[PDB]
């Protein structure tokens, strides 16, 4: 839980939490507050569950796409940065982190996936997805593979799914339209079918996850991987001479990644809103602080306009942004979570053979906008059925008490119902078939 005068932080385990830890301790020196950094599991999941009850973090670092469902659930404090401060960060970043006309988080870094490749094994990386099967057959003879990446999270497969026209929610007339979902269209189909054919043809494994893919690339057993700027640090410490480049094209179209802005909203229930706002506006959204995080695991193209000038020279970032320009910023709306779960289920079920590609994406397209019943709605149902059983139980209690039927010492209500039926001149068969 939260306690005043302390600072506990939540950020995903693939980010530079230790680098932030370094920043939190210097916040100690200036203002005296102890700041701890914890990298929990499924934090994007645990937060909307625990924050209701007061338990949770002062701050949560996460991509912006989930904050719209959060903010609409009243979990985040509205953000009040000076007009001078907004100018310090790129306007498209503030746009990503704004829901309904209120700024719910601080933009920190812009993230896009890129193709990462081993130059020693592959000095010239492929420009197309279509050439990856042939290239894998070549490298298999040398004891390598062409490409491994996280097939458990749809974030990593969406670029291929979008290339030929697959889309989540079509933005039309100034808004995202949840009636027009494109996870079921011909571009989406072709994208997934190709990914599955790669698996069918033993060029990838359906079980490959984030950890397996990183270890294979970092040890040099795979020539390529798809990942974001956070992964660069571990490749750095490895022995692999790598490059960061544009994603392969599919059917001649670019790979279209979903661009996430790593944001930071504050726990509406925190006793330290401004004692944490010191951190966020005057400590992290600063050049010298972002360096500390970026030094641990790279942040990507940070939203601070002054530090991005230095980082933008890095050819790896230029590539990251080259991919971003070809993709789209994620919507931040509430339906994102249901979209991600539906697409996650569709990829895994098609990758594993559990469902055909058509069946998987068809199921996904209906779930991408499924409404989650409200608490009151669940309580409506719960109470209605409690009433229904209470009425029946009183009927049978009375029948057993005053009926004087010829019943066994112990019997279920069906036997009572049968003895009430015959009394009313019905005959009930053994299996329930009933008639006058």
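Positions refer to the first chain, counted from 1. Rigid core: the largest C-alpha set superposing within 1.5 Å between the two forms.
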{"property": "Stretch with greater C-alpha deviation in 8 other deposited structures of this protein, 303-311 versus 276-284 (rigid core superposition)", "result": "276-284"}
{"property": "Of 106-114 and 216-224, which departs more from this form in 8 other deposited structures of this protein by CA RMS after core fitting", "result": "106-114"}
{"property": "62-70 or 379-387, whichever carries the higher mean Cα B-factor", "result": "62-70"}
{"property": "167-175 or 200-208, whichever carries the higher mean Cα B-factor", "result": "167-175"}
{"property": "Among 358, 310, 130, 153 - the residue whose C-alpha B-factor is largest in the record", "result": "310"}
{"property": "Highest-ranked of 285, 134, 319, 350 once sorted by CA temperature factor in the record", "result": "285"}
{"property": "Ranked against its chain, the third holding the CA B-factor of residue 281", "result": "highest"}
{"property": "Third of the chain, ranked by Cα B-factor, where residue 18 sits", "result": "highest"}
{"property": "Third of chain Cα B-factors occupied by residue 53", "result": "highest"}
{"property": "Chain-wide C-alpha B factor ranking for residue 254, given as lowest, middle or highest third", "result": "lowest"}
{"property": "Ranked against its chain, the third holding the CA B-factor of residue 397", "result": "lowest"}
